[PDB]
Amino acid sequence: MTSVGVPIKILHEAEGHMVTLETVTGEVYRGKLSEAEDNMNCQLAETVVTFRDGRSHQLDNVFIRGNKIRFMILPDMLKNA
Amino acid sequence: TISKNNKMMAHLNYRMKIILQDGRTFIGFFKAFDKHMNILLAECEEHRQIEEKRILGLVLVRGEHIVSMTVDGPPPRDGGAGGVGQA
Amino acid sequence: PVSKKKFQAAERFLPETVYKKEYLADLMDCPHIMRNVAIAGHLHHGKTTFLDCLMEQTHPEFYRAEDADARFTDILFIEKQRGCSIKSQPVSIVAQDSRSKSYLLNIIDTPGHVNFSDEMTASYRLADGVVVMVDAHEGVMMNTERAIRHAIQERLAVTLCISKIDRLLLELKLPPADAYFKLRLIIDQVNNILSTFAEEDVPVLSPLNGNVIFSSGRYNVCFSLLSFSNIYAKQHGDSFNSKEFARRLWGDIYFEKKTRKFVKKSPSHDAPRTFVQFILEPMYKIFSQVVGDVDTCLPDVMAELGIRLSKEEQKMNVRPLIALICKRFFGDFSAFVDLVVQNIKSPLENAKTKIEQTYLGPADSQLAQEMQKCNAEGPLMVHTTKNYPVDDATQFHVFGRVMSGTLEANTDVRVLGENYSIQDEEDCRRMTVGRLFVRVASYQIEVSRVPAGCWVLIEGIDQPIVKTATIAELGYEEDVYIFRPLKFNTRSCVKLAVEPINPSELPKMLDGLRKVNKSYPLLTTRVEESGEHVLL
Amino acid sequence: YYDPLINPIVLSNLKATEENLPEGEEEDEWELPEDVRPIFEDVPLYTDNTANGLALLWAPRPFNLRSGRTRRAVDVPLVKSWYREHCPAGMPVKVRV
Amino acid sequence: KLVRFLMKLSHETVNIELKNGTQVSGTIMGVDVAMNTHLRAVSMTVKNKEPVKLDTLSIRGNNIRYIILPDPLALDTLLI
Amino acid sequence: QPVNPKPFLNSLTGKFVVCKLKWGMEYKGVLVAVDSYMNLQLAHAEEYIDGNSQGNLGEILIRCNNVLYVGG
Amino acid sequence: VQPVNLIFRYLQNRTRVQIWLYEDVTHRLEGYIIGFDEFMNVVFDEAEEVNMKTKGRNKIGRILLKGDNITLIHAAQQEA
Amino acid sequence: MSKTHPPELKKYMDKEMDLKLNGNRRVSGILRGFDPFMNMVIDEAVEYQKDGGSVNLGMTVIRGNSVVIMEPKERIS
Amino acid sequence: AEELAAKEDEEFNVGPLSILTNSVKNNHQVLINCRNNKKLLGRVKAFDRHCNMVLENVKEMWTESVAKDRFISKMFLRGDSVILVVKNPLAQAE
Amino acid sequence: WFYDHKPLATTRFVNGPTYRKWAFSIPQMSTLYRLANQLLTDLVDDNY
Ligand SMILES: Nc1nc2c(ncn2[C@@H]2O[C@H](COP(=O)(O)OP(=O)(O)OP(=O)(O)O)[C@@H](O)[C@H]2O)c(=O)[nH]1
């Protein structure tokens, strides 16, 4: 690929693993990042959604638009990458 | 500071305190950034105003949500050739 | 005292690598990334030299001579002298696909001689997927068919790599157009094998399918369509969607420079296709300029390739200079990482298929489900089929694939021989695992634990392991079954009898027989009722 | 060039692989940007040096090199390839021995 | 374009109000093409919060609402 | 038959329009000029809030992003 | 189907469509599309503004609705 | 101006999709079109109201930046 | 570079940004209505396609409600907050 | 230059009077290859 910035490269290395991301509406999604994009659209699988009141539900697949993601907690091994 | 290459490479790995537009305070070792001002914080923690601390992992913050950031703490820290003479 | 027993290369230290060892060891916890592969070939097709290119990319310190192949995975000194590969060796490396996402690969370089084909059988048991190496001049000879056919019967996933393409331009001197037909015919030959022998829907191997790549390991060339389209996309600068060009770079399609559309009727009597214009003619022009000119053209090669060559590199010969020019322009093999990553499926997806083939036990409720999950938290099950000897040949380390639970050094484990069953049960022993290693042919990386999906080299359990072995959790109270023996693709037809002049030394000979019997797998040792000691 | 000693690229019974080319109607509109161009478009495929350069690749050493370290006149053993390879069939007793 | 005026204001002291209502005052050690402004010897007065002294502060440029400029500034020479 | 925005606003340029901002307020006046980014300049412009006029403003420039809709 | 080709069907057929506004959850616009641009601004015809909290209606007529404000465009139901 | 690669959405095409939009609208139906902006086309679309009502929509185009979350009801093809 | 500056200058002589052009060269006060419901009345000295402005002798007035005001000698205003620039009828060309 | 004593030594084709390295083109290499012929083998050696 073209030289996209290091945070986007680390996001694609995060595809193997579990990531936890919060959306601008406040819901926290934990799941296994199956595809990511350079606009940081995220596809999660085996997802658990946690609502802002602390309720939770399972979701088989979730697509989140990249500009609606606030942050992602990435796994630690990516610090080595 | 940033983008000035001689200066930017020294401002990475500082422990920096990040303020977000929702009012959150994140703290972590700031060690990557992007032209969109995305930032990647290693060993991150969050402080929420009410103060309460929570431990996070490696946190990627999408740049759109940063208000500002400041230095919190230093990076972590730790001639040599001769032998011609004898004594 | 300092007995010169050395029969294999072994590295005095861990060599440098581009990836951190810690990232490799962490990625081992994540089979949703990692792949296992075997590379299988006719004798002296690309296979070993191609892995030397993967070594050279990951390592930096890896010296390849300008004259002769380094053949890192051919560690034995008989293999150095013979220069055919004689035994399998595994590699483990971290390598990037076209996205620059980092994958973990485990790769066995199977020997290409049919007499060694028992080594290919043991490798395919580990493999999950095969890459088949065809030589652009010879095409599909004998063992290439046997390698494909035997891989199908294993239920491996089969991928093609056309190898030593340079033979077309340099030796055969076929032009651009006929070189395309030669590559096309090789692909047709392999699909003709696949469609007859598969009977099931084993996937067709075009490049448009991108399960096929082209390579020259002598010249550091490796490209699919998409990596070549990415070269145009990087070079011109994303002015077009590179995947849409890659779709159009093979087959009966032509570029109409009047309109810049792609048409399927030959736009003139002589028009080169897409593959001929974009992929082959630049390659012919890279080689023919350096081969014919060297002295005069080389500055222009810097300009179009944007490569830099220092003046003492510009004084290299042709082979190292072309290999350097291709190395800098193409960069890494990531086209091959794409081939492995997409087509093969990991351990986890393949674990359903592989347990059905290998396991022998009741392929239903308790233990077979833990393996089909490939759950690193499950009960320990390991399968092994190789024995590699320690540098003093006192003992073997066994080579193994795990897929249930996690294997841990200095723990106790139940080792099941090839006969074990609820009636046979005397064929089991409790062994204490020594050190665990990850093996990169000449050198070994030492680890405290290995999780399901990985391969592992295991110290200390080698005494009862005659050839294949299953290793199992001691505390697992339900019935454990051994994985199948190796169903070899050939027979030991030649018998040789051995008798020492020394016969008080005959006890030493029998220990020789036991050690070779472990190393070989297809070698069969008998003591006849005549008392002859026999090798097969 | 296709040397006539090279056997033709054909196997008569061989089934041709299916080519999954893109289907016409939308896909024929797709166009390559006007400056995208084969990597070496105007460099000629071969020159009058190229035939000689290819021949050098399998010259006996040293002639397959083009850059080399220099060697002493006592070290170039001019006839040594002759005795290595074999006796010609006709040469008598003295020379064979 | 006018952002290239601000990067001539290096080492000037300004008071900045951000869109979030944070008031920041300090000396511009540098400001970039996106008007990410980097300040030294900084006080942040978050809205309805006590001012906090800070050594350094990087503001992502879109958060800037306005920058009060120092009174002596030779606008007639910087706007060329 | 298509009536595209730039032809549409050019047909309105030099004529009376009502412009509604995204935040509950309306400006009526002669649309004097439009640009490729569709900033709006109104002349003789008058400010309407909750359907009631509250003053003449003269020439006003409404920046592009503020507009919900504009029309005759 | 793409999106632009679908809006061309509303344009070519002059289908009565209801437009949902962006954050303005309590109003919707109903009418006919008569044109659009690459920014998805909609020149909107016979347009009415519907206050679904009351089902009250205002009639505005021909307007340019800026595409930034559009959540959704769909063929109107039988409601009028 | 900028160039954007087509989103991955092709694996979701012609499967049934739920969407949550800006303003917390819930829309559901068969996703059978998109563009580089992720302007969705939803066929046989159905609205779910915040009062618990539901209304059938037509063939529906959704402006991409109003989409917050999109979520299959069925396994990806 | 300079062709883009030439393009930027050409648009100002005809587009809606003429009001900012007249505000500079004739020194006529603009009452900039701005987000946060605040009014800034001042003279623009420079502006751009993004509708930035540098402002001199600003009077800021707003409703807090009760009216409050502040005097700002010079300011740079980021144009993303500008709603509505009124060429002030309570002032004149200078 | 063929029959000079140290041929080319003062030229870009060889490093200098120490006469330790050389880098000939193809027009040179193919010409002296052709002259050498009477001494050279015919073989693509290694298999023979
Ligand atoms: N001409 C040419 N020869 C090559 C190329 N790659 C490898 N070879 C040659 O083929 C021979 C065998 O290469 P290896 O890497 O040992 O092939 P191999 O298949 O691994 O040998 P085995 O696996 O034991 O069969 C060596 O002489 C190589 O120089 C190539 O790209 N071009």
# chains A, B, ... in the order shown; residues from 1 in each chain; ligands from 1
call {"tool": "select_by_dssp", "arguments": {"residues": "stretch 403-533 of chain C", "states": "strand (DSSP E)", "output": "PyMOL selection string"}}
result
chain C and resi 406-408+412-416+428-432+436-440+443-447+449-451+455-458+469-472+496-498+525-527+533
call {"tool": "residues_around", "arguments": {"residues": "stretch 19-26 of chain B", "least_positions_apart": "6", "cutoff": "8 Å", "atoms": "only C-alpha atoms", "output": "ChimeraX atom specification"}}
result
/B:44-49,65-69 /E:20
call {"tool": "write_last_selection", "arguments": {"atoms": "C-alpha atoms", "output": "CSV table (one decimal), in the first residue's frame"}}
result
chain,number,residue,atom,x,y,z
B,44,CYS,CA,-3.1,4.1,28.7
B,45,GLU,CA,-5.3,5.1,31.6
B,46,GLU,CA,-8.4,7.4,31.8
B,47,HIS,CA,-9.5,10.0,34.3
B,48,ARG,CA,-13.1,11.0,34.3
B,49,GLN,CA,-14.3,14.2,36.0
B,65,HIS,CA,-12.0,13.9,19.1
B,66,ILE,CA,-8.8,15.4,20.6
B,67,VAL,CA,-9.1,18.8,22.2
B,68,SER,CA,-5.6,19.2,23.4
B,69,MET,CA,-2.7,17.2,25.0
E,20,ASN,CA,-15.2,23.8,24.2
call {"tool": "residues_around", "arguments": {"residues": "residue C:273", "least_positions_apart": "2", "cutoff": "12 Å", "atoms": "only C-alpha atoms", "output": "ChimeraX atom specification"}}
result
/C:176-178,180-181,248-257,262-271,275-281
call {"tool": "write_last_selection", "arguments": {"atoms": "C-alpha atoms", "output": "PDB file, in the first residue's frame"}}
result
ATOM      1  CA  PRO C 176       7.415 -12.383 -24.635  1.00  0.00           C
ATOM      2  CA  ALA C 177       4.402 -13.898 -26.377  1.00  0.00           C
ATOM      3  CA  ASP C 178       5.583 -17.514 -26.331  1.00  0.00           C
ATOM      4  CA  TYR C 180       3.136 -16.390 -21.838  1.00  0.00           C
ATOM      5  CA  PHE C 181       1.972 -19.542 -23.638  1.00  0.00           C
ATOM      6  CA  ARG C 248      -7.379  -7.581 -16.432  1.00  0.00           C
ATOM      7  CA  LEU C 249      -3.675  -8.582 -16.441  1.00  0.00           C
ATOM      8  CA  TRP C 250      -4.097 -12.218 -17.602  1.00  0.00           C
ATOM      9  CA  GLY C 251      -5.809 -14.161 -20.351  1.00  0.00           C
ATOM     10  CA  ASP C 252      -7.053 -13.238 -23.797  1.00  0.00           C
ATOM     11  CA  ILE C 253      -7.431  -9.514 -23.175  1.00  0.00           C
ATOM     12  CA  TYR C 254      -5.672  -6.608 -24.861  1.00  0.00           C
ATOM     13  CA  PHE C 255      -5.066  -2.907 -24.234  1.00  0.00           C
ATOM     14  CA  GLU C 256      -6.299  -0.521 -26.945  1.00  0.00           C
ATOM     15  CA  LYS C 257      -4.018   2.509 -26.552  1.00  0.00           C
ATOM     16  CA  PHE C 262      -9.451  -3.297 -22.582  1.00  0.00           C
ATOM     17  CA  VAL C 263     -10.745  -5.459 -25.441  1.00  0.00           C
ATOM     18  CA  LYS C 264     -10.953  -9.207 -25.967  1.00  0.00           C
ATOM     19  CA  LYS C 265     -10.476  -9.287 -29.756  1.00  0.00           C
ATOM     20  CA  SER C 266      -6.857  -8.839 -30.794  1.00  0.00           C
ATOM     21  CA  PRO C 267      -6.708  -5.126 -31.735  1.00  0.00           C
ATOM     22  CA  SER C 268      -4.114  -5.908 -34.395  1.00  0.00           C
ATOM     23  CA  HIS C 269      -2.553  -8.971 -35.974  1.00  0.00           C
ATOM     24  CA  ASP C 270       0.388  -8.741 -33.540  1.00  0.00           C
ATOM     25  CA  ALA C 271      -0.925  -7.062 -30.406  1.00  0.00           C
ATOM     26  CA  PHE C 275       0.273  -9.865 -19.314  1.00  0.00           C
ATOM     27  CA  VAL C 276       2.703  -9.606 -22.207  1.00  0.00           C
ATOM     28  CA  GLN C 277       2.812  -5.809 -22.228  1.00  0.00           C
ATOM     29  CA  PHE C 278       2.739  -4.949 -18.558  1.00  0.00           C
ATOM     30  CA  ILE C 279       4.225  -7.979 -16.758  1.00  0.00           C
ATOM     31  CA  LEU C 280       6.490  -9.802 -19.247  1.00  0.00           C
ATOM     32  CA  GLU C 281       7.942  -7.016 -21.375  1.00  0.00           C
TER      33      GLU C 281
END
call {"tool": "residues_near_ligand", "arguments": {"ligand": "ligand 1", "cutoff": "8 Å", "atoms": "only C-alpha atoms and all ligand atoms", "output": "ChimeraX atom specification"}}
result
/C:40-50,68-69,71,83-86,109-113,163-167,170-171,215-219
call {"tool": "residues_around", "arguments": {"residues": "residue F:64", "least_positions_apart": "5", "cutoff": "12 Å", "atoms": "only C-alpha atoms", "output": "PyMOL selection string"}}
result
(chain F and resi 19-22+34-41+69-70) or (chain G and resi 66-68) or (chain I and resi 16-17+49-51+79-85)
call {"tool": "closest_residue", "arguments": {"among": "F:59, F:54, F:67, F:4", "to": "residue F:31", "atoms": "only C-alpha atoms"}}
result
F:59
call {"tool": "residues_around", "arguments": {"residues": "residue C:450", "least_positions_apart": "2", "cutoff": "9 Å", "atoms": "only C-alpha atoms", "output": "ChimeraX atom specification"}}
result
/C:25,28-29,376,402,405-409,436-438,447-448,452-456
call {"tool": "atom_distance", "arguments": {"atom1": "atom CA of residue H:67", "atom2": "atom CA of residue H:21"}}
result
4.5 Å
call {"tool": "residues_around", "arguments": {"residues": "residue I:87", "least_positions_apart": "5", "cutoff": "10 Å", "atoms": "only C-alpha atoms", "output": "PyMOL selection string"}}
result
(chain F and resi 57-61) or (chain I and resi 19-20+22-23+28-32+41-43+92)
call {"tool": "write_last_selection", "arguments": {"atoms": "N, CA and C atoms", "output": "PDB file, in the first residue's frame"}}
result
ATOM      1  N   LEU F  57     -31.167  44.113   7.723  1.00  0.00           N
ATOM      2  CA  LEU F  57     -29.733  43.996   7.944  1.00  0.00           C
ATOM      3  C   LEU F  57     -28.888  44.554   6.807  1.00  0.00           C
ATOM      4  N   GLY F  58     -29.486  44.866   5.661  1.00  0.00           N
ATOM      5  CA  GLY F  58     -28.712  45.217   4.487  1.00  0.00           C
ATOM      6  C   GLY F  58     -28.014  44.004   3.911  1.00  0.00           C
ATOM      7  N   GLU F  59     -26.812  44.218   3.393  1.00  0.00           N
ATOM      8  CA  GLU F  59     -26.057  43.131   2.789  1.00  0.00           C
ATOM      9  C   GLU F  59     -25.525  42.193   3.855  1.00  0.00           C
ATOM     10  N   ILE F  60     -25.751  40.894   3.668  1.00  0.00           N
ATOM     11  CA  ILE F  60     -25.319  39.878   4.612  1.00  0.00           C
ATOM     12  C   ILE F  60     -24.682  38.761   3.810  1.00  0.00           C
ATOM     13  N   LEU F  61     -23.680  38.125   4.397  1.00  0.00           N
ATOM     14  CA  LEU F  61     -23.067  36.915   3.870  1.00  0.00           C
ATOM     15  C   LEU F  61     -23.380  35.785   4.830  1.00  0.00           C
TER      16      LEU F  61
ATOM     17  N   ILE I  19     -18.287  40.912  -0.060  1.00  0.00           N
ATOM     18  CA  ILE I  19     -18.584  41.691   1.142  1.00  0.00           C
ATOM     19  C   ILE I  19     -17.369  41.777   2.047  1.00  0.00           C
ATOM     20  N   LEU I  20     -16.604  40.695   2.155  1.00  0.00           N
ATOM     21  CA  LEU I  20     -15.351  40.794   2.890  1.00  0.00           C
ATOM     22  C   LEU I  20     -14.337  41.650   2.133  1.00  0.00           C
ATOM     23  N   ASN I  22     -15.039  44.248   0.173  1.00  0.00           N
ATOM     24  CA  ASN I  22     -15.400  45.636   0.444  1.00  0.00           C
ATOM     25  C   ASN I  22     -15.098  46.032   1.882  1.00  0.00           C
ATOM     26  N   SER I  23     -15.292  45.114   2.829  1.00  0.00           N
ATOM     27  CA  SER I  23     -14.986  45.399   4.228  1.00  0.00           C
ATOM     28  C   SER I  23     -13.519  45.765   4.452  1.00  0.00           C
ATOM     29  N   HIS I  28     -14.944  49.115   6.246  1.00  0.00           N
ATOM     30  CA  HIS I  28     -16.340  49.184   6.671  1.00  0.00           C
ATOM     31  C   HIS I  28     -16.563  48.086   7.702  1.00  0.00           C
ATOM     32  N   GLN I  29     -17.155  48.425   8.837  1.00  0.00           N
ATOM     33  CA  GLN I  29     -17.331  47.416   9.871  1.00  0.00           C
ATOM     34  C   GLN I  29     -18.308  46.321   9.464  1.00  0.00           C
ATOM     35  N   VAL I  30     -17.941  45.084   9.779  1.00  0.00           N
ATOM     36  CA  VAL I  30     -18.800  43.920   9.630  1.00  0.00           C
ATOM     37  C   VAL I  30     -19.209  43.469  11.027  1.00  0.00           C
ATOM     38  N   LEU I  31     -20.507  43.239  11.238  1.00  0.00           N
ATOM     39  CA  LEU I  31     -21.042  42.653  12.476  1.00  0.00           C
ATOM     40  C   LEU I  31     -21.093  41.144  12.317  1.00  0.00           C
ATOM     41  N   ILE I  32     -19.991  40.466  12.607  1.00  0.00           N
ATOM     42  CA  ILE I  32     -19.976  39.019  12.409  1.00  0.00           C
ATOM     43  C   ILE I  32     -20.801  38.341  13.495  1.00  0.00           C
ATOM     44  N   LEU I  41     -18.316  42.712  16.251  1.00  0.00           N
ATOM     45  CA  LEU I  41     -18.366  43.840  15.318  1.00  0.00           C
ATOM     46  C   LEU I  41     -16.965  44.430  15.182  1.00  0.00           C
ATOM     47  N   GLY I  42     -16.427  44.425  13.966  1.00  0.00           N
ATOM     48  CA  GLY I  42     -15.076  44.910  13.745  1.00  0.00           C
ATOM     49  C   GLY I  42     -14.768  45.031  12.270  1.00  0.00           C
ATOM     50  N   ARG I  43     -13.529  45.427  11.982  1.00  0.00           N
ATOM     51  CA  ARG I  43     -13.027  45.569  10.619  1.00  0.00           C
ATOM     52  C   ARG I  43     -12.116  44.414  10.272  1.00  0.00           C
ATOM     53  N   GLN I  92     -19.897  52.886   8.742  1.00  0.00           N
ATOM     54  CA  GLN I  92     -19.723  53.420   7.397  1.00  0.00           C
ATOM     55  C   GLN I  92     -18.293  53.161   6.942  1.00  0.00           C
TER      56      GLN I  92
END
call {"tool": "residues_around", "arguments": {"residues": "stretch 35-38 of chain H", "least_positions_apart": "3", "cutoff": "10 Å", "atoms": "only C-alpha atoms", "output": "list in words"}}
result
residues 65 of chain A; 2, 3 and 4 of chain G; 3, 4, 5, 6, 7, 8, 9, 41, 62, 63, 64, 65, 66 and 67 of chain H
call {"tool": "write_last_selection", "arguments": {"atoms": "N, CA and C atoms", "output": "PDB file, in the first residue's frame"}}
result
ATOM      1  N   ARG A  65     -19.236   2.709  11.268  1.00  0.00           N
ATOM      2  CA  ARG A  65     -18.642   3.674  10.360  1.00  0.00           C
ATOM      3  C   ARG A  65     -17.453   4.337  11.034  1.00  0.00           C
TER       4      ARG A  65
ATOM      5  N   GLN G   2     -27.074   1.444  -7.812  1.00  0.00           N
ATOM      6  CA  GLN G   2     -26.274   2.304  -6.960  1.00  0.00           C
ATOM      7  C   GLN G   2     -27.184   3.195  -6.113  1.00  0.00           C
ATOM      8  N   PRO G   3     -26.673   4.283  -5.546  1.00  0.00           N
ATOM      9  CA  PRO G   3     -27.527   5.348  -4.999  1.00  0.00           C
ATOM     10  C   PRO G   3     -27.957   6.434  -5.967  1.00  0.00           C
ATOM     11  N   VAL G   4     -26.998   6.955  -6.729  1.00  0.00           N
ATOM     12  CA  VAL G   4     -27.277   8.021  -7.686  1.00  0.00           C
ATOM     13  C   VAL G   4     -28.252   7.539  -8.746  1.00  0.00           C
TER      14      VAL G   4
ATOM     15  N   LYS H   3      -9.731  10.909  -3.207  1.00  0.00           N
ATOM     16  CA  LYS H   3     -10.014   9.585  -3.754  1.00  0.00           C
ATOM     17  C   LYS H   3     -10.242   8.624  -2.595  1.00  0.00           C
ATOM     18  N   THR H   4     -11.341   7.864  -2.649  1.00  0.00           N
ATOM     19  CA  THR H   4     -11.672   6.887  -1.616  1.00  0.00           C
ATOM     20  C   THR H   4     -11.879   5.523  -2.255  1.00  0.00           C
ATOM     21  N   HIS H   5     -11.230   4.517  -1.676  1.00  0.00           N
ATOM     22  CA  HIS H   5     -11.397   3.144  -2.112  1.00  0.00           C
ATOM     23  C   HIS H   5     -12.811   2.652  -1.777  1.00  0.00           C
ATOM     24  N   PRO H   6     -13.483   1.927  -2.684  1.00  0.00           N
ATOM     25  CA  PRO H   6     -14.806   1.322  -2.361  1.00  0.00           C
ATOM     26  C   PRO H   6     -14.774   0.545  -1.051  1.00  0.00           C
ATOM     27  N   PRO H   7     -15.700   0.788  -0.106  1.00  0.00           N
ATOM     28  CA  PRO H   7     -15.746  -0.044   1.107  1.00  0.00           C
ATOM     29  C   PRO H   7     -15.865  -1.535   0.816  1.00  0.00           C
ATOM     30  N   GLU H   8     -15.454  -2.327   1.809  1.00  0.00           N
ATOM     31  CA  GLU H   8     -15.605  -3.784   1.850  1.00  0.00           C
ATOM     32  C   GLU H   8     -17.012  -4.375   1.685  1.00  0.00           C
ATOM     33  N   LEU H   9     -18.064  -3.555   1.582  1.00  0.00           N
ATOM     34  CA  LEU H   9     -19.444  -3.966   1.839  1.00  0.00           C
ATOM     35  C   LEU H   9     -19.956  -5.070   0.917  1.00  0.00           C
ATOM     36  N   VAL H  41     -28.100   1.826  -0.317  1.00  0.00           N
ATOM     37  CA  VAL H  41     -29.426   1.598  -0.876  1.00  0.00           C
ATOM     38  C   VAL H  41     -30.026   0.400  -0.164  1.00  0.00           C
ATOM     39  N   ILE H  62     -29.925   5.883   1.757  1.00  0.00           N
ATOM     40  CA  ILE H  62     -29.485   6.450   3.026  1.00  0.00           C
ATOM     41  C   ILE H  62     -28.174   7.166   2.774  1.00  0.00           C
ATOM     42  N   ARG H  63     -28.103   8.423   3.182  1.00  0.00           N
ATOM     43  CA  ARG H  63     -26.849   9.142   3.075  1.00  0.00           C
ATOM     44  C   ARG H  63     -25.880   8.565   4.092  1.00  0.00           C
ATOM     45  N   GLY H  64     -24.669   8.264   3.625  1.00  0.00           N
ATOM     46  CA  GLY H  64     -23.756   7.421   4.382  1.00  0.00           C
ATOM     47  C   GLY H  64     -23.411   7.947   5.759  1.00  0.00           C
ATOM     48  N   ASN H  65     -23.129   9.242   5.864  1.00  0.00           N
ATOM     49  CA  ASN H  65     -22.687   9.800   7.134  1.00  0.00           C
ATOM     50  C   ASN H  65     -23.774   9.874   8.187  1.00  0.00           C
ATOM     51  N   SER H  66     -25.022   9.565   7.849  1.00  0.00           N
ATOM     52  CA  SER H  66     -26.037   9.384   8.869  1.00  0.00           C
ATOM     53  C   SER H  66     -26.016   7.985   9.458  1.00  0.00           C
ATOM     54  N   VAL H  67     -25.378   7.023   8.793  1.00  0.00           N
ATOM     55  CA  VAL H  67     -25.295   5.661   9.314  1.00  0.00           C
ATOM     56  C   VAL H  67     -24.286   5.642  10.447  1.00  0.00           C
TER      57      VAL H  67
END
call {"tool": "atom_distance", "arguments": {"atom1": "atom CA of residue B:43", "atom2": "atom CA of residue B:58"}}
result
5.5 Å
call {"tool": "atom_distance", "arguments": {"atom1": "atom CA of residue D:33", "atom2": "atom CA of residue C:329"}}
result
22.0 Å
call {"tool": "interface_residues", "arguments": {"of": "chain E", "to": "chain B", "cutoff": "7 Å", "atoms": "only C-alpha atoms", "output": "ChimeraX atom specification"}}
result
/E:56-60,63
call {"tool": "write_last_selection", "arguments": {"atoms": "N, CA and C atoms", "output": "compact mmCIF listing (two decimals), in the first residue's frame"}}
result
# COMPACT_ATOMS: atom_id res chain seq x y z
N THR E 56 3.49 23.03 28.72
CA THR E 56 3.34 22.89 27.28
C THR E 56 1.93 22.43 26.99
N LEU E 57 1.45 22.76 25.79
CA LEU E 57 0.11 22.38 25.39
C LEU E 57 0.03 22.37 23.88
N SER E 58 -0.43 21.26 23.32
CA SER E 58 -0.71 21.14 21.89
C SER E 58 -2.21 21.11 21.74
N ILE E 59 -2.74 22.03 20.94
CA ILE E 59 -4.16 22.16 20.66
C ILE E 59 -4.38 21.72 19.23
N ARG E 60 -5.28 20.77 19.03
CA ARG E 60 -5.63 20.40 17.68
C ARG E 60 -6.41 21.54 17.05
N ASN E 63 -10.10 22.94 17.12
CA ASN E 63 -10.71 23.39 18.35
C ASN E 63 -10.56 24.89 18.57
call {"tool": "closest_residue", "arguments": {"among": "H:69, H:15, H:76, H:22", "to": "chain A", "atoms": "only C-alpha atoms"}}
result
H:69
call {"tool": "interface_residues", "arguments": {"of": "chain G", "to": "chain F", "cutoff": "6 Å", "atoms": "only C-alpha atoms", "output": "ChimeraX atom specification"}}
result
/G:34-36,63-66
